[PDB]
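Note sheet for the following structure.
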Number of protein chains: 2
Amino acid sequence: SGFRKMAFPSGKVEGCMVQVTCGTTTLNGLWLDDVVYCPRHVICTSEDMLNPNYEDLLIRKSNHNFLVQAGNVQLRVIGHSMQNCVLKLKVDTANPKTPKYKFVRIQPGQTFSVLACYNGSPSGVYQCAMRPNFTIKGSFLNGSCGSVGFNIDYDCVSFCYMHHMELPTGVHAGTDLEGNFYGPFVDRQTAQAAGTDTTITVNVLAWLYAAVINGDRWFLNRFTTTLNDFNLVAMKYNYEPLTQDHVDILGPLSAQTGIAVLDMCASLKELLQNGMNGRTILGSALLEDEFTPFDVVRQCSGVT
Amino acid sequence: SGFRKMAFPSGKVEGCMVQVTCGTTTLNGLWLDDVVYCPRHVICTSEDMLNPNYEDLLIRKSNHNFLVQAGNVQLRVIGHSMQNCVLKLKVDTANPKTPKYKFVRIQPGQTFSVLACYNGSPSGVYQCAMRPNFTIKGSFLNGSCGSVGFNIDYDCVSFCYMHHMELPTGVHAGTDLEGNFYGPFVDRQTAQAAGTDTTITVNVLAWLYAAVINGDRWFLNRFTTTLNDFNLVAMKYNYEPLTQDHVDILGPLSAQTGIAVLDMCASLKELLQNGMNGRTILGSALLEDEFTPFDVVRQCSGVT
Ligand SMILES: O=C(Cc1cccc(Cl)c1)Nc1cncc2c1CCC2
Ligand SMILES: O=C(Cc1cccc(Cl)c1)Nc1cncc2c1CCC2
């Protein structure tokens with residue numbers, strides 16, 4: 001038993017991290033096969049970050065301007081291309097440590113592990129969610145750009161996020177591995193609206209099921225609700241509307257605990273309306289929404 | 001910016017994990033150099049776990065009874081010895097992936113990362129603290145025994161914990177890598193008192209400094225206190241007494257923020273006496289004590 005904000009083991013991703021330097025800027029790159037992926041703003045100086053014309057800036061750069069270092073050894077750059085907001089540096093050597101991998105675009109509300117890196121070296125790993133507003137609440141300092149988000153299924157690493165920017169609000173924005181920003185964000189030093197965030201209702205419910213599985217049951221009540229009644233409450237509290245797709249994904253947890261999804265929704269409704277009354281659930285004093293139903297089942301089953 | 005419950009990158013430890021089977025029991029082992037370390041209860045069946053005579057049970061076992069598998073390949077056991085509650089299986093092959101390592105006994109209140117494993121395969125990584133009562137609040141299922149806790153300084157892995165047992169209370173107990181249990185626990189299927197836990201005051205204060213560094217300042221007040229006045233409040237709220245050693249370790253954070261340690265203590269005093277009033281600090285609705293002052297400085301500086 002026990003429930004933690006557990007990240008995937010980071011080894012497979014650590015072996016892909018490289019340092020990419022261009023001019024005066026250094027950031028992280030992801031070395032998979034014979035390609036190094038990194039944020040395209042590596043070609044910028046602070047001065048042109050206000051309104052960069054990436055196409056014009058990249059034209060002044062040749063393969064020899066991109067210094068790519070893997071640990072203590074230098075990689076030879078034989079090609080460079082810009083795909084959306086990422087650069088793809090073709091190197092003459094395939095990464096011997098390339099795991100089985102995929103590039104996936106996660107949906108808002110999904111979770112993933114982040115391996116924060118500086119100068120191509122890993123510093124830590126943490127689990128987080130793609131917020132409904134497409135930002136992530138990470139922990140990133142200057143130099144962390146190019147750090148990636150991922151999920152692991154058995155031996156396959158599905159890369160979903162590449163860190164690019166921190167908004168003035170202190171929240172984080174980035175792209176999928178094709179360089180497409182999640183959300184409306186642009187790679188420019190300009191104030192950008194993240195937009196209204198919401199609580200990921202299906203995840204809170206999954207975490208309430210995790211709480212029951214791990215012994216915390218004080219919040220279980222004698223009530224039930226309907227999707228429509230529950231969604232009126234969810235709207236009032238800036239929670240995402242619950243759909244039958246969400247109920248369907250909560251099926252395994254409902255079967256595991258014997259608590260019908262709408263009965264758990266009624267517990268959530270009462271917690272939203274009355275608060276926790278100074279009590280805790282799985283060591284938290286708020287409703288946690290960074291565990292998907294898949295995460296709860298995985299952590300409670302022991303998938304390696 | 002941003003503050004997360006960040007674990008160390010787990011790659012160096014993943015390369016050490018092996019599966020150890022003895023009779024009908026399978027658990028995790030730690031392969032460093034030519035030795036495999038695992039909990040000694042691997043030699044037990046459920047029947048003798050009630051009151052095991054480990055010395056007598058180990059006598060019925062020979063090197064060939066300990067099946068050690070590293071991924072898909074089998075290790076040849078050439079020696080076996082029991083050191084306290086761990087078994088040391090000498091194998092004929094040194095682990096090629098052995099990182100620079102140390103065995104350290106952490107102090108209560110210190111933190112470390114845990115790589116949860118099943119059948120010698122890693123499933124996840126999470127950060128946790130050694131509680132003042134020497135238990136850890138981990139996330140572990142049946143088969144997780146032998147999973148280890150560690151810290152990383154540059155390239156050196158300091159192993160501090162080996163998972164052994166889950167108490168009836170749902171909390172976790174284990175040993176250092178010399179097989180010495182942290183706390184009063186014994187490796188027996190018997191109800192065992194964990195003892196009164198306390199909140200790690202120095203860690204809460206470090207986390208309050210992390211909050212200020214990352215922008216959350218609502219809790220800062222116009223007050224100050226003394227160590228004696230603060231400790232009267234700490235006693236009332238089951239917080240560990242703050243000493244000058246704790247104030248000294250908080251020095252860097254006090255200098256970074258310009259907030260004197262006793263002024264931060266007065267903020268903590270008011271938060272303890274008045275609660276959060278429905279507000280949050282670094283996304284938490286309670287006072288977090290699982291970040292040491294070292295962890296806050298590391299996460300806010302980017303040590304790789
Ligand atoms: O935000 C940036 C640079 C940047 C500026 C404008 C646009 C773009 Cl794409 C990137 N770097 C960053 C990332 N995560 C975290 C922290 C930083 C700075 C300090 C903390
Ligand atoms: O506690 C045990 C077995 C055991 C019994 C008695 C003494 C000793 Cl040393 C070990 N295993 C375990 C560890 N972490 C987590 C979970 C389990 C069972 C299920 C969850």
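Residue numbers begin at 1 in each chain, while the letters A, B, ... track the order of the sequences. As a basis for the values below, the full set of heavy atoms in this structure was taken, side chains included, without hydrogen atoms, waters or symmetry mates.
Ranking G278(A), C128(A), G15(A) against chain B, the residue ahead of the rest is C128(A), based on heavy-atom pairs under 4.5 Å. No other option in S144(B), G124(B), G143(B), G283(B) has as many heavy-atom pairs under 4.5 Å with chain A as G124(B). Interface remark: of the candidates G170(A), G302(A), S113(A), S301(A), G302(A) forms the most heavy-atom pairs closer than 4.5 Å to chain B. The most heavy-atom pairs under 4.5 Å with chain B, out of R298(A), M276(A), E290(A), come from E290(A). When each of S121(B), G2(B), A7(B), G11(B) is checked for heavy-atom pairs under 4.5 Å with chain A, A7(B) comes out on top. Considering only heavy-atom pairs separated by less than 4.5 Å from chain B, the leading option among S139(A), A116(A), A285(A) is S139(A). Options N142(B), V13(B), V171(B), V125(B) differ in how many heavy-atom pairs under 4.5 Å they form with chain A, and the most are formed by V125(B).
With a 6.0 Å cutoff to the six-membered ring centre and a 45° limit on the axis angle, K5(A) does not count as a cation-pi contact of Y126(B).
Proximity to chain B (any heavy atom under 4.5 Å) is restricted, for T280(A), to the side chain, taken from C-beta onward. Contact of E14(A) with chain B is made through the side chain alone, with heavy-atom distances under 4.5 Å. Heavy atoms of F3(A) lying under 4.5 Å from chain B belong exclusively to its backbone. Looking at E288(A), neither its backbone nor its side chain comes within 4.5 Å of chain B, counting heavy atoms on both sides. Interface remark: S1(A) contributes backbone and side-chain atoms alike to the contact with chain B (heavy atom separation under 4.5 Å).
Under the side chain to side chain contact (heavy atoms under 4.5 Å, CB included) test applied with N119(B), the options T26(B), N28(B), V20(B) reduce to a single match, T26(B).
Counted by atom type alone, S123(B) and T304(A) present zero donor-acceptor pairs between their side chains at under 3.5 Å.
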Note to self: Apply side chain to side chain contact (heavy atoms under 4.5 Å, CB included) to residues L115(B) and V148(B) and explain how you reach the verdict.
What the structure shows: CA-CA 6 Å; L115(B) 179 66; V148(B) 303; 5.5 Å; no

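For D216(A) (side chain) and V212(A) (main-chain N/O), no donor-acceptor pair under 3.5 Å exists by modelled atom type.
Considering only heavy atoms from C-beta on, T175(A) stays 4.5 Å or farther from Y182(A) through its side chain. Residues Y161(A) and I106(A) form no side-chain contact, since every pair of their non-hydrogen atoms from C-beta on lies 4.5 Å or further apart.
Using bins of under 30°, 30° to 60° and over 60° for the plane-to-plane angle, the ring pair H163(A)/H172(A) lands in the perpendicular bin.
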